[PDB]
Amino acid sequence: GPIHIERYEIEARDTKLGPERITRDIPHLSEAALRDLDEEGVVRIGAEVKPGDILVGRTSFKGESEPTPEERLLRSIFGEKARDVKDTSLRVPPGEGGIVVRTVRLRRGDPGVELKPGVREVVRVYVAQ
Amino acid sequence: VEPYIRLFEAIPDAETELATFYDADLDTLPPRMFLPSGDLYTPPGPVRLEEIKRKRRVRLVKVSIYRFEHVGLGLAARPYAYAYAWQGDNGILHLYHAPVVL
Numbered sequence: 701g702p703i704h705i706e707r708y709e710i711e712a713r714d715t716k717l718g719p720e721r722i723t724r725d726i727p728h729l730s731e732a733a734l735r736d737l738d739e740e741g742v743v744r745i746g747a748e749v750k751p752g753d754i755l756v757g758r759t760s761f762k763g764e765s766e767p768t769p770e771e772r773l774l775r776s777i778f779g780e781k782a783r784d785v786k787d788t789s790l791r792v793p794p795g796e797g798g799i800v801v802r803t804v805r806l807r808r809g810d811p812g813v814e815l816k817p818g819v820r821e822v823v824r825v826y827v828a829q
Numbered sequence: 006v007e008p009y010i011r012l013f014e015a016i017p018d019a020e021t022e023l024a025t026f027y028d029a030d031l032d033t034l035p036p037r038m039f040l041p042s043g044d045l046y047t048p049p050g051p052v053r054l055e056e057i058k059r060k061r062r063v064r065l066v067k068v069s070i071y072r073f074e075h076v077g078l079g080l081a082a083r084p085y086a087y088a089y090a091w092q093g094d095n096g097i098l099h100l101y102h103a104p105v106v107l
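As given, the protein sequences belong to chains A and B, one line each in that order. According to the authors' numbering, the first sequence is numbered sequentially starting from 701. According to the authors' numbering, the second sequence is numbered sequentially starting from 6.
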């Protein structure tokens, strides 16, 4: 078919549990899954993408259930505790894919930039099809 | 070490702010560590990091893995295994290989 250009979008927003963040630093992911991502976690121009592949890395805060008696014992000696994140990345939908042809990334507070209330950053990825 | 500099430097670059990395220590909780397969690696003690190269959002580190011991009239950490890894802006360690036990 005639060139049909898709537009994929993801927002990282402020949350009651703490900020979502666009990033490459995503847990429980094999090297191969991270292969085409730039250092910001945004997929590189000129890269073929297939259903399930990451376009934009994102992590959100999960969890915060009360600590175990074990995790409290440590909370004094080994240092104060710390928090768990989950993969909430933008991934190519079923039945789609192609070649990345452009990306756009905007950050709240940059000159001239106006994002939705709550949004810290937004990334768009364009793919051929 | 050199092949890990190679893998690290092949991460594509991007204009962004520099991140402040988590300098984990014998004093602090080690961050989550993953093998190249994506499997969680659970250390038997805390770690120390040595930065080798840096990228605005990722850095290359040598990770020293420790085991607490009886020393003096108290306890402190002494060495167990090491691995090269990249670390990101959530502080997570991505190992390039299973840790070499010393």
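Note that the Cβ used here is the ideal one computed from N, Cα and C, for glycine as well.
Under 8 Å between C-beta atoms of residue i and residue j
i                 : j                 : result
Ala19 of chain B  : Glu796 of chain A : no
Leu40 of chain B  : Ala103 of chain B : yes
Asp753 of chain A : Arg791 of chain A : yes
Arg724 of chain A : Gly93 of chain B  : yes
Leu54 of chain B  : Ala29 of chain B  : yes
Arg744 of chain A : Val800 of chain A : yes
Residue i classed as buried or exposed, judged by whether at least 16 other C-beta atoms fall within 10 angstroms
i                 : result
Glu821 of chain A : buried
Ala747 of chain A : buried
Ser69 of chain B  : buried
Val742 of chain A : buried
Chain B within 8 Å of residue i, Cβ atoms only
i                 : result
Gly809 of chain A : no
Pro769 of chain A : no
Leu729 of chain A : yes
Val756 of chain A : no
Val749 of chain A : no
Integer-rounded CB distance, given that residue j should sit under 8 Å from residue i
i                 : j                 : result
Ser730 of chain A : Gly757 of chain A : About 14 Å; that fails the 8 Å criterion.
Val804 of chain A : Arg824 of chain A : 4 Å
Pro49 of chain B  : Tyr89 of chain B  : Between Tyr89 of chain B and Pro49 of chain B the Cβ distance is about 19 Å, and since that is not below 8 Å, they are no contact.
Strand pairing of residue i, partner residues [DSSP]
i                 : result
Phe13 of chain B  : Note: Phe13 of chain B sits in no beta bridge, so no partner.
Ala86 of chain B  : B:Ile70 and B:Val106
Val827 of chain A : A:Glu706 and A:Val800
8 Å Cβ cutoff, residue i in contact with chain A
i                    : result
residue 2 of chain B : This structure does not reach residue 2 of chain B, given that chain B is present from 6 up to 107, and the question cannot be answered.
Residue i CB to nearest heavy atom of the ligand COA below 7 Å
i                 : result
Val800 of chain A : Within the structure as shown, the ligand COA is missing, as the structure has no ligands at all.
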